Amino acid sequence: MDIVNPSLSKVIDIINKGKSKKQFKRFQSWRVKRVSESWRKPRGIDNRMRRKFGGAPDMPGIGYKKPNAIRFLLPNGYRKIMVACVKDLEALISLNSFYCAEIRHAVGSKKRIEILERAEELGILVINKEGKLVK
Amino acid sequence: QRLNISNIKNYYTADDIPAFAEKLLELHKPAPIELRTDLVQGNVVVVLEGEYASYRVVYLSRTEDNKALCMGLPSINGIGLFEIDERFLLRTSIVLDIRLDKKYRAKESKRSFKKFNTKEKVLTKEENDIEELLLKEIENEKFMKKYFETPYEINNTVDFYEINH
Amino acid sequence: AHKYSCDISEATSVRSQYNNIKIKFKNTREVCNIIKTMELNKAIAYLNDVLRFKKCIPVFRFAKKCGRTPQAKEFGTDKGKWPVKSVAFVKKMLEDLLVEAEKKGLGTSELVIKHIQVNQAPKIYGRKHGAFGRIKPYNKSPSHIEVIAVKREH
Amino acid sequence: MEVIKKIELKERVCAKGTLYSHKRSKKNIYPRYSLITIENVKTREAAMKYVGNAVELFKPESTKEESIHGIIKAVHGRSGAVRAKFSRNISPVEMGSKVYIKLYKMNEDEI
RNA sequence: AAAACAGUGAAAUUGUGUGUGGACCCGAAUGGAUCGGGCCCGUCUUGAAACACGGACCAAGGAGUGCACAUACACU
């Protein structure tokens, strides 16, 4: 869509290139199909990952948490709020400097048209703008 | 207040973010680079980078911070008037006695290039003029004309910093 | 209706498919594998030689402990076989496509076997009695078949 | 053919060296830094005069990028070898290759 | 004992086509050979990679609960 928050425009690329792409897969989820990828802490008496031997993978923890300012920020430099009514946009009228709107999936075509018309006149960014309404 | 905002929005006071943005910008700002002192009008120099590398040329002026202006000899070695980063020049102890009337500007010689300029060569009045000045200082001198024609070659048998230029 | 397993134009092609056939799965795919990309008249000629024990079907995937044979050298291997029951069925199936080709107004020549595939059909259950008062399975493994032939652009 | 010309241009103006290892202990490797030897430089005092200089790895058979740039950061050991940093990490397949030393200094940010 | 809708139609497992590798995971890369680190989990045990036991594969089900009687804490 190629849009950016004006307050961060000259900084956003540093921020984006700085985000981690680490994944914390569950131990041995690569060995048997019955174990999903979702993280669970290992609790075995012998387990090599719990005991932190070199060569085993890394475990999650507080050290990896991002700085408080950068956290929750989308790649366009805004935070997101969910909307499903015309009367919801009315809340964003004070916050449009830092927040943007994302219309919920279940809202149908006829109603979406009414949301977008209101978004234009109030000056609010909607990130699902194209959505289903491309046809 | 409407229920969408009383929960989601609560994560951060985002009014603080401008202060963070400034501090981050400061930290990743480039360091300064020093303008050199060692070069005098009419010094011969050797080009180290880009399409004209290996040739001797004559230094004319500082231009735009680290940018400097040089002339080849379109008759002798075919190189015209150009601009380059002043660090891409190796100094040598020969100085010609040229003095110029006015400031002039030319295309930059970027470090990354795709293709050679084998053809399409022409000259301006100022290129003509400056050649017809430089040439006078060169004609009177013994082997100087040939000196400008042979490319430079680094000695492959001794450490560079042992040699003098 | 039937969704054939790939996309080729209705003009310039001829097709057939069958379900739950009562020829043996593993034998049938070794037959189909070797006649892929072959010209239709060549295919019918080759399969006639297999019925007479003059040429063989080579084996590559379902092939453990199989016999070695001088006829396999034509395909750069030692191992081959003569599965008569599967060959008779495939031969009939291919001959019918030449009827369709002629009737449709393509030539009887320049047709090439572009697609052919075999799939497993559901098992038919049976039993055998063993020693010490046991009963063990004795099932049958049928198959499904598709073919598409196209005219060479040349 | 531009490749044949770009080589001869570089050959006339640079010193030559070879890439031989990453920075490593007996057990672990640190692939962000690489070790180079320069042709006729054979003491630590001689090698100090190159700290700060630009280096280039040129690879004509590459489909992505024809050359990688870097900088010499420090001397290593007592027999004139050095440590350098490049814009991208050097692959183990690229060890043994020829490197060019460029006779001008650059800043750590430029690479 | 099993067996609901002539709905939707996951995983194990099979064939065909197209790509990438020779058990696989983590860290770092190339146009391209690869480099460094890692023994199979759960469990009793002073001590498990064990020549200790359980585990062929996938789905679904599957184990600190309710009442009575004294009790210490927090809240009214």
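Residues numbered from 1 in each chain as written, not as in the entry; some residues may be left out. Chains lettered and ligands numbered in written order. Part of a larger assembly, values for the part shown. Heavy atoms only, no water.

For this coordinate set, the PDB header names cryo-EM as the determination method and states a resolution of 10.8 Å.

**Here's the deal with the overall build of chain C**
The helix and strand tally for chain C stands at three helices and seven strands. Along the chain direction, N to C, the helices and strands of chain C fall in the order β-α-α-β-β-α-β-β-β-β. Evaluated residue by residue, chain C yields a buried proportion of 37% over its 154 residues. For chain C, the proportion of contacts with a sequence separation of at least 24, taken over those separated by at least 6, is 70%. By element, 50% of the accessible surface of chain C is carried by carbon and sulfur atoms, the whole surface being about 10300 Å². Counting 32 positive and 14 negative side-chain charges, chain C places the averaged centre of each group 15 Å from the other. (Helix = DSSP H or I, 4+ residues; strand = E, 2+ residues; numbered from the N terminus. Buried < 20%, exposed > 50% of the residue type's maximum accessible area, 1.4 Å probe, protein only. Contact = heavy atoms within 4.5 Å. Areas by Shrake-Rupley, 256 points an atom, 1.4 Å probe, with all protein chains shown as cover. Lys, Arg positive; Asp, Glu negative; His and termini not counted. Charge placed at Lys NZ, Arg CZ, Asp CG, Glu CD.)

**Here we look at the overall build of chain A**
A count of helical and extended segments in chain A gives three helices and two strands. Its helices and strands in sequence order give chain A the pattern α-β-α-β-α, from N to C terminus. Taken over the C-alpha atoms alone, chain A extends approximately 65 × 35 × 25 Å along its principal axes. Burial analysis of chain A (135 residues in total) assigns 29% to the buried set. For chain A, long-range pairs separated by at least 24 residues make up 41% of all intrachain contacts whose partners lie at least 6 apart in sequence. If you sum the accessible surface of chain A, you get close to 9900 Å²; carbon and sulfur atoms cover 50% of it.

**As for the interface of chain D and chain B**
Between chain D and chain B, the residue contacts involve 25 residues of the former and 24 residues of the latter. Taken together, both faces of the contact between chain D and chain B bury some 2200 Å²; the carbon and sulfur share is 54%. When the buried area of chain D at its contact with chain B is split by residue, D:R12, D:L103 and D:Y104 rank highest and sum to 28% of it. With a closest N to O distance of 3.8 Å, D:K102 and B:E49 form a salt bridge. The tally of links between chain D and chain B comes to eight residue pairs in polar contact. Of all the elements in the fold, those that place two or more residues in the side of chain D that touches chain B are α1 (2-11), β1 (15-24) and β6 (98-105) of chain D. No other element matches the five residues that α1(D) contributes to the side of chain D that touches chain B. When the residues that make up the side of chain D that touches chain B are grouped by side-chain class, the tally is ten nonpolar, four polar and eleven charged. (Buried area = accessible area lost by both parts, 1.4 Å probe. Salt bridge = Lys/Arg side-chain N within 4 Å of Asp/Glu carboxyl O. Polar contact = N/O pair within 3.5 Å; in protein donor to acceptor, adjacent residues only side chain to side chain. Nonpolar A, V, L, I, M, F, W, Y, C, P; charged D, E, K, R; others polar.)

**Digging into the pairing of strand β1 (residues 43-47) of chain B**
Residues and elements named next belong to chain B. Burial analysis of β1 places five of its five residues in the buried class, which makes it a mostly covered element. Strand direction decides the pairing type here: β1 and strand β5 (residues 89-95), joined by four bridges, are antiparallel. Paired with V47 across the bridge in β5 is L89. In the sheet, β1 pairs with strand β2 (residues 56-64) via three bridges, with the strands oriented antiparallel. By the bridge assignment for β2, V46 is matched with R56. (Pairing = 2+ DSSP bridges.)

**A few points about the pairing of strand β3 (residues 67-71) of chain B**
Residues and elements named next belong to chain B. Burial analysis of β3 places four of its five residues in the buried class, which makes it a mostly covered element. Relative to β3, β2 runs antiparallel, the two sharing five bridges. When the sheet's bridge partners are listed, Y59 is paired in β3 with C70. Between β2 and the antiparallel strand that follows it, β3, lie two residues; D65 among them carries a positive phi value of about 50°.

**Concerning a positive patch on the surface**
On the surface, C:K22, C:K24, C:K81, C:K85 and C:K140 cluster together into a positively charged patch. Structurally, C:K22 can be placed in the loop between β1 (13-18) and α1 (25-35). (Patch = residues over 30% accessible without salt bridge, like charges linked within 9 Å, V, L, I, M, F, W, Y side chains within 5 Å.)

**Considerations on the pattern of salt bridges**
Under the criterion given, the structure shown has 25 salt bridges over all chains. The salt bridge partner of A:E90 is A:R118, with a shortest N-O separation of 2.9 Å. Here A:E90, found in the loop between α2 (86-89) and β2 (99-103), pairs with A:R118, found in helix α3 (residues 109-122); they are 28 residues apart in sequence, far enough to count as distant. The class of A:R118 is partly exposed, set by a relative accessible area of 25%. Taken together, the salt bridges that share partners define one network made up of B:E49, D:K10, D:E56 and D:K102.

**Things to note about the protein's contact with RNA strand E**
For RNA strand E, the set of nearby residues contains 41 residues, the closest of which are A:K25, A:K33, C:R29, C:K36 and C:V118. Backbone atoms, meaning sugar and phosphate, make up 77% of the atoms of RNA strand E lying within 4 Å of the protein. Note that a phosphate oxygen of RNA strand E is positioned 3.3 Å from one of the side-chain N or O atoms of A:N47. Elements with a minimum of two residues in the surface near RNA strand E: α1 and β4 (111-120) of chain C together with β2 (29-38) of chain D. Sorting elements by how many residues they give to the surface near RNA strand E places β4(C) first, with four residues. The residue makeup of the surface near RNA strand E, split by class, is ten nonpolar, 14 polar and 17 charged. (Near = heavy atom within 4 Å.)

**What to know about the UniProt feature "binding site: Mg(2+)" (unreviewed entry) in chain C**
All names here are of chain C. Within this structure's numbering, the places UniProt gives as "binding site: Mg(2+)" (unreviewed entry) are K65. Here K65 lies in the loop between β2 (57-58) and β3 (80-81). When its relative accessible area of 79% is taken as the criterion, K65 is described as exposed. (UniProt positions renumbered as here; feature names shortened; annotations may be inferred.)

**A short note on the interface of chain A and chain B**
Facing 21 residues of chain A, the contacting portion of chain B comprises 15 residues. Counting the contacts that link chain A with chain B gives one salt bridge. Where B:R2 meets A:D88, a salt bridge forms, and the shortest distance between an N and an O atom there is 2.8 Å. Where chain A packs against chain B, one counts five residue pairs in polar contact. Of all the elements in the fold, those that place two or more residues in the side of chain A that touches chain B are β1 (79-83) and α2 of chain A. Here the side of chain A that touches chain B takes five residues from β1(A), the largest share from any one element. Considering only residue class, the side of chain A that touches chain B consists of 15 nonpolar, one polar and five charged.

**Re α3(A)**
Side chains three or four residues apart in an α-helix point the same way, a direct result of the helix having 3.6 residues per turn. All names here are of chain A. Over its 14 residues, α3 extends 20 Å from the first C-alpha to the last, a length consistent with the 20 Å expected when each residue adds 1.5 Å. Taken together, the buried positions of α3 are occupied by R112, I115, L116 and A119. Axial view of α3: buried residues confined to an arc of 100°, hence all on one face. In α3, those exposed residues whose orientation departs by more than 90 degrees from the buried face are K110 and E121. Of the surrounding secondary structure, the elements contacted by the buried residues of α3 are α2 and β2. (Expected span 1.5 Å × (residues − 1). Arc of directions from axis to C-beta.)

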